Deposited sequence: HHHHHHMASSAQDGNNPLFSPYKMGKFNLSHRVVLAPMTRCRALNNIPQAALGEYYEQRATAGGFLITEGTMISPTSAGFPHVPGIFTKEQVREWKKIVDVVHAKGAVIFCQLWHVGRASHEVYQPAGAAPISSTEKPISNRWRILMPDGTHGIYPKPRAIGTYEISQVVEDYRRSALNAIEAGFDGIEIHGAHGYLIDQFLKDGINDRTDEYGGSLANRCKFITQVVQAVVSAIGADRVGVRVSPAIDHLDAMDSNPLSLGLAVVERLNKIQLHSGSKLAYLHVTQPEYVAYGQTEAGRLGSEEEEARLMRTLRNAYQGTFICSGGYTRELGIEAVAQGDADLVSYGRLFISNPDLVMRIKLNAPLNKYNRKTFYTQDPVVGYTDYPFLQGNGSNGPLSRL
């Protein structure tokens, strides 16, 4: 089974290619990692296995979901250290995903009830609705379009959060550049309506992700940095007129960052809703594919050279031992969407059984 051949993800020797995809679960009450997160990640950790955390706030203005963790305060660092230690005790490698939602927020999630930030002043349309802390769905508000000083300060929030992740003991970080969140609001020509140096051309639209990646690479080293993008996912009104050219432009910038720093990123992670293989073939380094994989599709992805690692989201929610079940070809257990984003520390979180 090619999912069980070892793979060297730069400094990390992985024993198998089954990755835990980043998944927001909303159990980090008041944005503080809780003991329940330790139990959840410990259950899914395996010796030589790679795990990516739920998206994690980089600043007080970065959230658009309830009870998501941050890594911008020292209290959050101290609590994440306890989770990282239990995962490392199982021999697993873990990266923290750094997540800023940009315009995909609401006054209830912002300090002082202020408008969320973005590349643009346009709101997500009412085709989409935001999950509220009480479980209802609300209306995305108009964001405020930030200037270039504020862009540079958001870049600094990613830099400081990456340093905090290393302080908590994470092996590295993943930049969340996918799914219509802040970085994608700069990348996608369906959103970015700027006329300054961060808008118009494809090159200008790629400036923000390039600067985020360069800052975290400078702070923690490229081998501790993964980057996640989704050029073909149009969630939250985040379409591009040419998804493949946008993906190849991002890949080119990643390749240039690596050549200039003299070091390779941990990986490029692309999640989908031929494009995938084209981006993989253009990127000088490790490729993680994601979206709709099953045991057989992940085996095929690695066997046919389409990816080096395969990340699983929903199946890992309900199969804590997904790695072993894939190894044994044991039947997988269903997941319950109703408890994806609830707050209970156990129900639908750590109470899915093992084999």
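Trainee: May I ask you to mark the stretches of the deposited sequence that the structure leaves without C-alpha coordinates?
Mentor: Several regions go unmodelled: 1 to 15, 289 to 308, 391 to 402.
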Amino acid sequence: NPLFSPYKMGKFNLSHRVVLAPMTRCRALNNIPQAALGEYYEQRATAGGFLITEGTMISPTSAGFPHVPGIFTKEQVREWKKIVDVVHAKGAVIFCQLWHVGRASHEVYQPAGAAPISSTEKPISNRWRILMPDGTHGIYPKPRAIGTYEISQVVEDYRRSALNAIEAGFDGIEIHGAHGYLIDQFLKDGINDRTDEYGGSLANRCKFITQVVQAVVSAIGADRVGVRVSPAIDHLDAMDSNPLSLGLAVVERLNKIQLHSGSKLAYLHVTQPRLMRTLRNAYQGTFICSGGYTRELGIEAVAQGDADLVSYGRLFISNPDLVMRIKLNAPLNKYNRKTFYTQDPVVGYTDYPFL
From here on, numbers count along this sequence of modelled residues.
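Trainee: Once you work out the mean C-alpha B-factor for both 122 to 130 and 176 to 184 from the entry, which is higher?
Mentor: Going by the record's values, the stretch with the higher mean is 122 to 130.
Trainee: Going by the mean C-alpha B-factor recorded in the entry, which is higher: 20 to 28 or 330 to 338?
Mentor: Per the PDB record, 330 to 338.
Trainee: In terms of recorded Cα temperature factor, pick the maximum from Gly313, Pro69, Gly305, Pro66.
Mentor: Each of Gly313, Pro69, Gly305, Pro66 was compared by C-alpha B-factor; the highest is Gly305.
Trainee: Which is it among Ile117, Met239, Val213, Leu98: the one with the largest CA B-factor in the entry?
Mentor: Of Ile117, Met239, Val213, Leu98, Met239 has the highest C-alpha B-factor.
Trainee: Please say which third, lowest, middle or highest, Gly55 falls into when its CA temperature factor is compared across its chain.
Mentor: Lowest third of the chain for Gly55's C-alpha B-factor.
Trainee: Thinking about Cα B factors across the chain, which third does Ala232 belong to?
Mentor: As the PDB entry reports it, the C-alpha B-factor of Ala232 lands in the highest third of its chain.
Trainee: Ordered by C-alpha B-factor within the chain, which third holds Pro243? Give me lowest, middle or highest, please.
Mentor: Top third by C-alpha B-factor.
Trainee: In terms of the CA temperature factor given in the entry, to which third of its chain does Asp171 belong: lowest, middle or highest?
Mentor: Answer is lowest: the recorded C-alpha B-factor places it there.
Trainee: Mind checking which third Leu37 falls in for C-alpha B-factor across the chain?
Mentor: Middle third of the chain for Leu37's C-alpha B-factor.
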